[PDB]
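Below: data-v7.txt (compact mmCIF, C-alpha atoms)
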```
# COMPACT_ATOMS: atom_id res chain seq x y z
CA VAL C 1 0.00 0.00 0.00
CA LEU C 2 3.13 2.24 0.60
CA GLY C 3 3.22 5.74 2.23
CA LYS C 4 3.67 4.05 5.63
CA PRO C 5 6.74 4.74 7.95
CA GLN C 6 8.55 1.79 9.71
CA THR C 7 10.53 4.14 12.05
CA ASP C 8 7.49 5.75 13.70
CA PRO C 9 8.51 7.65 17.01
CA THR C 10 5.67 5.93 18.99
CA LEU C 11 7.07 2.56 17.88
CA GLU C 12 10.57 3.67 19.10
CA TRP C 13 9.11 4.09 22.66
CA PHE C 14 7.60 0.57 22.20
CA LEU C 15 10.94 -0.74 20.69
CA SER C 16 12.99 0.36 23.74
CA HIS C 17 10.90 -2.28 25.64
CA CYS C 18 10.37 -4.83 22.77
CA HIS C 19 12.30 -7.64 21.06
CA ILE C 20 12.71 -6.82 17.31
CA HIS C 21 13.17 -10.00 15.17
CA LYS C 22 11.19 -12.68 13.25
CA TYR C 23 11.76 -14.99 10.16
CA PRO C 24 12.33 -15.12 6.33
CA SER C 25 8.55 -15.59 5.48
CA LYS C 26 6.58 -18.89 6.06
CA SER C 27 5.90 -18.39 9.81
CA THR C 28 2.17 -17.74 10.46
CA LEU C 29 2.08 -15.41 13.52
CA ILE C 30 -1.71 -15.18 14.09
CA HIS C 31 -3.36 -18.17 12.33
CA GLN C 32 -3.38 -21.72 13.92
CA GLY C 33 -5.12 -21.91 17.34
CA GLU C 34 -2.13 -21.01 19.53
CA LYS C 35 -1.73 -18.51 22.44
CA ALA C 36 -1.07 -15.13 20.76
CA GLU C 37 0.27 -13.57 24.05
CA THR C 38 2.79 -11.26 22.37
CA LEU C 39 2.04 -8.18 20.22
CA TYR C 40 3.93 -7.83 16.87
CA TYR C 41 4.79 -4.45 15.18
CA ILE C 42 5.94 -4.83 11.54
CA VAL C 43 9.22 -2.84 11.67
CA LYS C 44 10.36 -4.66 8.47
CA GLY C 45 8.79 -6.75 5.66
CA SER C 46 5.25 -7.37 4.38
CA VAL C 47 2.58 -9.92 5.51
CA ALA C 48 -0.94 -10.92 4.33
CA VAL C 49 -4.15 -10.46 6.40
CA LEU C 50 -6.24 -13.68 6.51
CA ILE C 51 -9.34 -14.57 8.58
CA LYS C 52 -11.09 -17.97 9.05
CA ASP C 53 -14.40 -18.61 7.19
CA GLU C 54 -17.62 -20.11 8.77
CA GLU C 55 -16.14 -23.57 7.80
CA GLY C 56 -12.82 -22.36 9.36
CA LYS C 57 -11.11 -21.90 5.96
CA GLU C 58 -8.13 -19.47 5.86
CA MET C 59 -8.81 -16.64 3.39
CA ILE C 60 -6.58 -13.62 2.52
CA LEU C 61 -8.60 -10.32 2.32
CA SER C 62 -5.88 -7.62 2.78
CA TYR C 63 -2.09 -6.93 3.14
CA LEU C 64 0.11 -5.36 5.90
CA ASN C 65 3.46 -3.51 5.49
CA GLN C 66 6.32 -2.04 7.61
CA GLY C 67 4.41 0.32 9.99
CA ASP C 68 1.24 -1.80 10.58
CA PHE C 69 0.09 -3.26 13.91
CA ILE C 70 -0.32 -7.05 14.51
CA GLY C 71 -1.33 -8.85 17.76
CA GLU C 72 -4.53 -6.84 18.32
CA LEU C 73 -7.00 -9.71 17.54
CA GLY C 74 -4.92 -11.93 19.89
CA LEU C 75 -4.66 -9.73 23.06
CA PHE C 76 -7.49 -7.05 22.80
CA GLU C 77 -10.15 -9.80 22.90
CA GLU C 78 -7.58 -12.02 24.73
CA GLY C 79 -8.45 -14.88 22.36
CA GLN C 80 -5.07 -16.55 23.11
CA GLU C 81 -6.04 -19.26 20.54
CA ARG C 82 -4.73 -17.43 17.42
CA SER C 83 -7.71 -17.85 15.07
CA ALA C 84 -6.47 -15.79 12.12
CA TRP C 85 -5.34 -12.25 11.25
CA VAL C 86 -1.83 -12.47 9.63
CA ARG C 87 0.59 -14.76 7.67
CA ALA C 88 4.31 -14.03 6.91
CA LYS C 89 4.18 -13.61 3.09
CA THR C 90 7.73 -12.21 2.66
CA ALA C 91 10.85 -11.92 4.98
CA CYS C 92 9.52 -9.87 7.93
CA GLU C 93 10.86 -8.84 11.37
CA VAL C 94 8.44 -7.71 14.12
CA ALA C 95 8.60 -6.02 17.54
CA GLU C 96 7.57 -8.63 20.18
CA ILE C 97 6.52 -8.44 23.89
CA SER C 98 3.78 -9.87 26.13
CA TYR C 99 0.63 -7.64 26.04
CA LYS C 100 1.20 -6.75 29.77
CA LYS C 101 4.52 -4.93 28.91
CA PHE C 102 2.62 -3.29 26.02
CA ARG C 103 -0.33 -2.09 28.18
CA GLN C 104 2.23 -0.59 30.62
CA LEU C 105 3.87 1.49 27.78
CA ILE C 106 0.31 2.66 26.68
CA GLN C 107 -0.48 3.67 30.32
CA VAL C 108 2.77 5.77 30.41
CA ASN C 109 2.65 6.82 26.68
CA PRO C 110 -1.19 7.23 25.97
CA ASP C 111 -0.62 7.54 22.19
CA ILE C 112 0.63 3.93 21.61
CA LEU C 113 -2.82 2.25 22.02
CA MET C 114 -4.31 4.94 19.69
CA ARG C 115 -1.68 4.10 17.02
CA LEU C 116 -2.58 0.37 17.36
CA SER C 117 -6.38 0.90 17.37
CA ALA C 118 -6.34 3.48 14.49
CA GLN C 119 -4.22 1.51 11.94
CA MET C 120 -6.04 -1.76 12.84
CA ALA C 121 -9.51 0.01 12.61
CA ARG C 122 -8.75 0.97 8.95
CA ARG C 123 -8.08 -2.77 8.29
CA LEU C 124 -11.49 -3.59 9.87
CA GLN C 125 -13.07 -1.20 7.31
CA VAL C 126 -11.30 -2.86 4.31
CA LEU C 127 -12.47 -6.42 5.32
CA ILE C 128 -16.10 -5.26 6.05
CA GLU C 129 -15.92 -3.92 2.45
CA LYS C 130 -14.41 -7.24 1.12
CA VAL C 131 -17.02 -9.60 2.77
CA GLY C 132 -19.78 -8.29 0.39
CA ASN C 133 -17.64 -8.33 -2.78
CA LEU C 134 -15.56 -11.56 -2.44
CA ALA C 135 -18.76 -13.54 -1.58
CA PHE C 136 -19.83 -13.10 -5.28
CA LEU C 137 -16.55 -11.81 -6.94
CA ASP C 138 -15.88 -13.84 -10.14
CA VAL C 139 -12.34 -15.00 -11.17
CA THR C 140 -12.35 -13.73 -14.85
CA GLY C 141 -9.64 -11.01 -15.01
CA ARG C 142 -10.28 -10.02 -11.34
CA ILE C 143 -7.25 -12.15 -10.40
CA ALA C 144 -5.12 -9.92 -12.74
CA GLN C 145 -6.51 -6.74 -11.00
CA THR C 146 -5.41 -8.21 -7.61
CA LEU C 147 -1.99 -9.03 -9.18
CA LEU C 148 -1.68 -5.32 -10.27
CA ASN C 149 -2.74 -4.25 -6.70
CA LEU C 150 0.26 -6.34 -5.46
CA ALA C 151 2.61 -4.14 -7.60
CA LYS C 152 1.96 -1.38 -4.95
CA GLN C 153 3.19 -3.73 -2.16
CA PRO C 154 6.92 -3.87 -0.95
CA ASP C 155 6.81 -7.74 -1.31
CA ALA C 156 6.74 -7.29 -5.14
CA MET C 157 10.36 -6.74 -6.39
CA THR C 158 10.94 -5.24 -9.89
CA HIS C 159 12.82 -7.19 -12.60
CA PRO C 160 13.58 -6.19 -16.33
CA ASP C 161 10.77 -8.72 -17.15
CA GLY C 162 8.07 -7.73 -14.61
CA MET C 163 6.87 -7.48 -10.96
CA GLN C 164 8.28 -10.53 -9.07
CA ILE C 165 5.42 -11.00 -6.52
CA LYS C 166 6.21 -13.54 -3.73
CA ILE C 167 2.74 -15.22 -3.36
CA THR C 168 0.94 -18.50 -4.36
CA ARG C 169 -2.46 -19.53 -6.00
CA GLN C 170 -4.20 -19.93 -2.54
CA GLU C 171 -3.59 -16.23 -1.66
CA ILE C 172 -5.11 -14.86 -4.90
CA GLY C 173 -7.87 -17.50 -4.72
CA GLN C 174 -9.03 -16.10 -1.39
CA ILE C 175 -8.60 -12.33 -2.26
CA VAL C 176 -10.87 -12.82 -5.35
CA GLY C 177 -13.23 -14.90 -3.10
CA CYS C 178 -12.78 -18.00 -5.28
CA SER C 179 -11.02 -21.32 -4.45
CA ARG C 180 -7.44 -22.55 -4.92
CA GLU C 181 -9.04 -24.65 -7.75
CA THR C 182 -10.48 -21.97 -10.12
CA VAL C 183 -7.62 -19.46 -9.62
CA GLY C 184 -5.01 -22.29 -9.49
CA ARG C 185 -6.12 -23.77 -12.86
CA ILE C 186 -6.17 -20.32 -14.52
CA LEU C 187 -2.72 -19.23 -13.08
CA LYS C 188 -1.35 -22.55 -14.50
CA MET C 189 -2.84 -21.59 -17.92
CA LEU C 190 -1.23 -18.09 -17.61
CA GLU C 191 2.29 -19.58 -17.04
CA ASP C 192 1.39 -21.96 -19.94
CA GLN C 193 2.08 -18.88 -22.23
CA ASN C 194 -1.52 -17.49 -22.14
CA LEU C 195 -1.56 -14.23 -20.08
CA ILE C 196 1.13 -13.39 -17.38
CA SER C 197 4.23 -15.33 -16.20
CA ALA C 198 3.00 -17.24 -13.16
CA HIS C 199 5.49 -19.63 -11.46
CA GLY C 200 3.17 -21.24 -8.85
CA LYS C 201 5.11 -19.91 -5.81
CA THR C 202 5.62 -16.58 -7.70
CA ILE C 203 3.62 -14.31 -10.09
CA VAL C 204 5.24 -11.99 -12.67
CA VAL C 205 2.86 -9.32 -14.05
CA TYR C 206 3.83 -6.92 -16.85
CA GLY C 207 1.52 -4.12 -15.57
CA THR C 208 -0.61 -4.34 -18.76
CA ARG C 209 -3.17 -6.73 -17.02
```

Could you show the structure in this file as structure tokens?
Amino acid sequence: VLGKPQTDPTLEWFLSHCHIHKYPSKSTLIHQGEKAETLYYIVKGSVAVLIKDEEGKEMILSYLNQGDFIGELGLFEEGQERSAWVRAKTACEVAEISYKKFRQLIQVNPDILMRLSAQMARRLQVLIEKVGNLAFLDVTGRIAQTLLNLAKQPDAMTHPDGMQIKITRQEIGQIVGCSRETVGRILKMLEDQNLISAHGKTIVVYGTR
């Protein structure tokens, strides 16, 4: 989405108390059914917002970047059984502490909780908007629109060929509100010299849809 600072002063007052580190992608941080406990500030990288369906199916609906706030839907409600919220899409490092340490630094610095609740609230608006589109949203070309939307994310790295987006067919399946099946089949056809240069575990779009 861009336009978002990683070195936010309010974070720095959190970071003096927090452990900054994480993993080169792969590690789901709120999505399993595991004690959240610790709050995560994206100080580096880019992740993908995913909630569980009525059947419990993981589905991507939005993206987070360096400057966004993770851990909210683990500690605010005190779920402590990490339903879903976020998945490490690309190499990300996050600011980590138990929510007690956090609530202390919001009681001494009142702004921190407002930073958390504001940035997260905006995400609540985007998903409330997605749950009445994705429920009907057809796959034809709408996958390509999503793939162009990814070209505004820091997880997409530019090459002399196209935008090297570090995703997979599940992700795009869920953002378009389809399955891994419909979107998977089509992305296979695209890398079969039809449309854009898919690679299964990567997508390369040329910008031209």

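In this model, the gap between atom CA of residue C:138 and atom CA of residue C:153 comes to 23.0 Å.
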
Can you tell me which residues surround stretch 114-122 of chain C at a distance of at most 8 Å, considering all atoms listed in the file, apart from same-chain residues fewer than 6 positions away, and format the answer as a PDB file with C-alpha atoms, in the coordinates of the input?
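Saved result, around_20.pdb, follows:
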```pdb
ATOM      1  CA  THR C  10       5.670   5.930  18.990  1.00  0.00           C
ATOM      2  CA  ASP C  68       1.240  -1.800  10.580  1.00  0.00           C
ATOM      3  CA  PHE C  69       0.090  -3.260  13.910  1.00  0.00           C
ATOM      4  CA  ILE C  70      -0.320  -7.050  14.510  1.00  0.00           C
ATOM      5  CA  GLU C  72      -4.530  -6.840  18.320  1.00  0.00           C
TER       6      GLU C  72
END
```

I want to know what sits within 7 Å of residue C:162, based on only C-alpha atoms, with residues of the same chain fewer than 4 positions away left out; could you give that as a PyMOL selection string? chain C and resi 158+204-206

In Å, how far is it from atom CA of residue C:13 to atom CA of residue C:112?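 That distance, rounded to one decimal, is 8.5 Å.
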
Kindly indicate which residue among C:30, C:176, C:147, C:106 lies nearest to residue C:50, using all atoms listed in the file for the distances.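 Distance minimum relative to residue C:50 lands on C:30.
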